[PDB]
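Two versions of one and the same chain are coming, encoded as structure tokens; call them structure 1 and structure 2.
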Structure 1
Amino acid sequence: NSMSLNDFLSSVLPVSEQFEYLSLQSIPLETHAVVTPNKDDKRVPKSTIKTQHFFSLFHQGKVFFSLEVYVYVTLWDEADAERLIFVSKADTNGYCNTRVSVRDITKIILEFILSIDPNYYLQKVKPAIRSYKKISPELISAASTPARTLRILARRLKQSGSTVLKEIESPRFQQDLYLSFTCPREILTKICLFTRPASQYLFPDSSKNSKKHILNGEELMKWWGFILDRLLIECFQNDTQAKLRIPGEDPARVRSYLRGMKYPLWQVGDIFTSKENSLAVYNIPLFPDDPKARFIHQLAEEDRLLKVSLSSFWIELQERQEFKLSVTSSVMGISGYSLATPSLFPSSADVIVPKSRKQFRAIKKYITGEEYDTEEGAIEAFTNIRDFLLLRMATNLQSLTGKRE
């Protein structure tokens, strides 16, 4: 069994070759629902927890691969719980010296995420809005002004000769300042991928590297199509939803592309269609930097939310400017249960969790703020990520050797 992120990655990397990797994760946060709630609805989620997973792979002091993924867990007071994996971006810069399967790397990281028990994200959760009522003394919080903060520091010093509260992370306070939840380890899992071609996603100006291989929309869809198909076969139960939509394309072609997939249940469509056949706003998930959300926002800015329906929605969306055909854009969805039960809890070996969003963003930025017009950028990213971690976190990137023959 593969029980560590290292176990998963190595299995797919060339044997005897050294690779290092970054595995960054955000503190789970209480947040608004993935799909907008319908007041006239039987039920509503008690809570939604959002976490971002960021991965970068480095080979020989250079970074050549990255993957950005979000994981939502939705809790229903009575209606079970689902977890939704949103795949946001993946990219390469073409600066890898050795030969590897980016596809299997991407597939294997996703399996690892699948392996994680949902509860792991629910142990300690950052509240969307904290209440300090259960607590006096006065706390220095996000809301505090600098002057108030300065004054508080001074009083504390005078009282105790320290500016800190010892009991701040003490268990009673934790019970008060954080949320925790539990749920069946075996839950409904959904993955949503939207593919839109572009020259660069996570590696600015890498398009300018000749070594880099850029895919047109069709190639890209096929690429994500292939990965998903394996995920379905390898990690999912047999009667599981697999839906693919390519906007503006005739369904015989799409249906015909699907026929070719190894999993036999792929269908043309989306995993958001409902029995109740509600409005578009009530079935469409709002993801970060996502084609579906930008357009739901427009419908909001025009008081059309009530006006649109699901069938209408897809059609209306294809019309919009970001969608200039012919370019191929596809939306992919998976709904179902995992073969194996999700039991994994990640370790420091598995991931690095920064203390704040600020620190999380700072590290990521070293990778995504770089310029990859030339190799110097790939090296620089590796250099900063390493120096920054050691320096501010006393941490090292994970190191491993490829096992695959």
Structure 2
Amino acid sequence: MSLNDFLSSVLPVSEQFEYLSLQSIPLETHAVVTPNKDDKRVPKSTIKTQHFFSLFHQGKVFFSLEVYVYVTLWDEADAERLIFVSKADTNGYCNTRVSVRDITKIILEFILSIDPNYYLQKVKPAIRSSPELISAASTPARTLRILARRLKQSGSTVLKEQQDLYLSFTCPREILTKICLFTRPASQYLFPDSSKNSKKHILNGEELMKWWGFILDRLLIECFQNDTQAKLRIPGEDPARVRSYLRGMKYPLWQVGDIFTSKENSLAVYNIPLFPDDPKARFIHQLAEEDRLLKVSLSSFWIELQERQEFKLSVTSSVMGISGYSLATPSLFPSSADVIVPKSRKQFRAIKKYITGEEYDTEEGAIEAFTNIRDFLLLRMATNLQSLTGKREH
């Protein structure tokens, strides 16, 4: 079913909401995990895409989520996809009450359903290929001159495009699906200053970990196979201690550790995935400078991560990791109403900024975010947020 169906089935009955599913243009990027030179199998291509969502109520935004999906291709039919959950926030300006927990789980169900091949149709290359082009390497003089010699010679000032420079791939509809996230509460992630709002509920470290752990639990049971790999890791804690939280989980296979183990290449840098704004990436790049990357084993990485302040002087954080196959075969190219794919990074940023760029220390910002987001979609993109009729009893 569609994104629109999913959200409605978790929002209160009779109630009306609106939402925004923004999506980046799938860009061919470097490997999620740093590859080693002398290695049999290294990635062929890594396709990165961002899904950013926001919910609105009565003309106010109140929730947002930012998730990256990474599709890695090793060869012909050997693929693999990873869903990385970056940020999730609320600003406490919802007039009504809702389960953010269920909204968040639902949006991930949706993402899980998407056929990986969807990000593989047209992919923006990291570096592309008769001259006479105006690009970043074009002083304004050059550019104006160019438009001159292109007017004098041609009727107008545009060219030819058939234009196909724009990658394309395939892989099996059912692949290995990974989910990775790093819990770390903070006053706000996507709604600046919203922490100054009294009605905003902040989870603490231990509260957040359980919160996320429950959502993944639900996804493990309902969306994955009974042999799926579920790993939990709580930096600064005892394996006995974590096993105790895990006794809380309803899914049977939760174990301590992570999904990076691999006895092949037992060296941190060749195993640890590097995501946006992630502490794992952080600590890795820290070693790159202080030159130790080829000296810290995977085992040591975790032990050292715990030290060096950050974790040592901050509340409970956890690393969750999932790795298995989904019950149903993920096969769902989202409709124009499931997603909005801006023409460029520039437009993507600009629409996002209407939200993550506002000041939420008052209801003003959250109302501003809503109007600016619809006005803009309508004006410059000829669209409009989706409306929702909630349909969940009690």
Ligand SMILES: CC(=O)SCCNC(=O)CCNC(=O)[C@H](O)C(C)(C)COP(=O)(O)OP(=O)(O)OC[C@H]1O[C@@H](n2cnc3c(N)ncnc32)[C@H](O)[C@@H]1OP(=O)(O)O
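Residues are numbered by position in structure 1's sequence, first residue being 1. C-alpha atoms forming the largest set that superposes within 1.5 Å between two forms make up the rigid core.
Enquirer: Can you spot the form solved in complex with this ligand among structures 1 and 2?
Expert: Structure 2.
Enquirer: When the rigid core of both forms is overlaid, which of 297, 185, 151, 103 is the one whose C-alpha moves 2 angstroms or more between structure 1 and structure 2?
Expert: Comparing the C-alpha positions, the one residue that moves 2 Å or more is 151.
Enquirer: Does the distance between the two CA positions of residue 256 reach 2 Å or more between structure 1 and structure 2, the core being superposed?
Expert: Shift of 2 Å or more: no.
Enquirer: Quick one: core overlaid, is residue 142 moving 2 Å or more at the Cα between structure 1 and structure 2?
Expert: Shift of 2 Å or more: yes.
Enquirer: Quick check: residue 213 between structure 1 and structure 2 - does its CA shift reach 2 Å or more after fitting the rigid core?
Expert: False for residue 213: its C-alpha shift is below 2 Å.
Enquirer: What's the distance in angstrom the Cα of residue 194 travels between structure 1 and structure 2, core superposed?
Expert: Its alpha carbon moves by 0.2 Å.
Enquirer: Superpose the two forms on the rigid core and tell me the Cα shift of residue 325 between structure 1 and structure 2 in angstrom.
Expert: So the C-alpha of this residue moves 3.2 Å.
Enquirer: What is the Cα shift of residue 79 between structure 1 and structure 2 once the core is superposed, in angstrom?
Expert: Shift of residue 79 at C-alpha, rigid core superposed: 7.0 Å.
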